[PDB]
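Here's the structure we're looking at; comments come further down.
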Amino acid sequence: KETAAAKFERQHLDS
Amino acid sequence: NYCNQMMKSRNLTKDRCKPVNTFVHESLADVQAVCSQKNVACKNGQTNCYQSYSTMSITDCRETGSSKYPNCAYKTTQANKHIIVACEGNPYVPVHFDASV
């Protein structure tokens with residue numbers, strides 16, 4: 001469902 | 001605190017207590033740009049890792065010694081450090097956080 005690039009973003013990005 | 005909230009808010013500790021996680025307070029494109037910066041090897045040896053030329057604003061989330069599901073507890077440490085990410089795919093974007101210097 002969630003691609004690995006999407007997961008990185010949701011887990012580590014807080015812009 | 002920020003860590004307790006962001007970890008649950010981002011579905012990291014909704015079904016478990018993750019011992020540690022790092023958040024980067026930079027724009028998405030600025031972080032993706034790191035995939036064409038300083039190439040270095042990852043902890044596992046693989047060399048698809050890249051270190052940011054400059055330091056970035058980050059918050060380190062760490063579980064205390066008393067933390068226990070379902071009541072995870074984190075200690076919040078803010079800092080500016082170089083981030084190392086592993087990239088892959090096309091576009092070549094980050095898929096894993098490897099560390100921060």
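Annotations for the structure displayed:
- The lone exception for B:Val34 - which of (1) farther than 16 Å from A:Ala5 by Cα; (2) away from every other protein chain (no Cβ under 11 Å); (3) not polar (S, T, N, Q) it fails: (1)
- Identity of the residue in the range B:31-76, under 18 Å from B:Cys3 (Cβ atoms) and under 13 Å from the mean Cα position of the chain (by Cα), that ends up surrounded by the most Cβ atoms within 10 Å (Cβ to Cβ): B:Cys61
- Restricting B:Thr55, B:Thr13, B:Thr22, B:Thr64 to those that are among the β-branched types (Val, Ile, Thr), within 13 Å of chain A (Cβ to nearest Cβ) and over 16 Å from B:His96 (Cα atoms) reduces the list to B:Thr13.
- Among all residues of the range B:68-75, there is none that is within 14 Å of chain A (Cβ to nearest Cβ) and of a type in the set (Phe, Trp, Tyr).
- B:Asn90 out of contact with any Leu (no Cβ under 8 Å at 6 or more places or on another chain), closer than 19 Å to A:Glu9 by Cβ and loosely packed, with under 13 Cβ neighbours inside 10 Å: yes
- Positions within the range B:69-101 being β-branched (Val, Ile, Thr) and part of a strand (DSSP E or B), in sequence order: B:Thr76, B:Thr77, B:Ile83, B:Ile84, B:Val85, B:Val93, B:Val95
- Restricted to the range B:12-30, and to residues there that are in a loop (DSSP other than H, G, I, E, B) and either out of contact with any strand residue (DSSP E or B) (no Cβ under 7 Å at 6 or more places or on another chain) or without any contact (Cβ under 8 Å) to a residue 12 or more places away in the chain (or both), the residue that is surrounded by the fewest Cβ atoms within 10 Å (Cβ to Cβ) is B:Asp15.
Please note: Cβ atoms are built from the backbone with ideal geometry, for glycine as well, and neighbour counts cover all protein chains shown. Laboratory data are not the source of any read-out in this text; all were calculated from the coordinates shown.
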